[PDB]
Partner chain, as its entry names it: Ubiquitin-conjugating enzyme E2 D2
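Below you'll find only one chain, the form solved without its partner chain, shown as structure tokens.
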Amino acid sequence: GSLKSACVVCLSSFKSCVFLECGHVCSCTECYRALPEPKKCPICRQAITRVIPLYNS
């Protein structure tokens, strides 16, 4: 379920965020909270309904 591969957006930090939409785990907390927009799932383009942060790097 959880995994910590490379954050697909930055590619520097691991992914530390499961996007509660579809269960895609792909972003990192800092990427999310830093960028303010309504963010879309980087993999599937669904709007994010909630973010379940994983406290990792």
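Numbering follows the first chain given and starts at 1.
Note that the form solved in complex with its partner chain isn't included here; everything after this is about it.
Contact annotation for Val8: at least one heavy atom lies within 4.5 Å of its partner chain in the bound PDB entry.
The shortest heavy atom separation between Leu35 and its partner chain in the bound PDB entry is within 4.5 Å. Using a 4.5 Å cutoff between non-hydrogen atoms, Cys22 does not count as a contact of its partner chain in the bound PDB entry.
Its partner chain in the bound PDB entry comes within 4.5 Å of a heavy atom belonging to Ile43.
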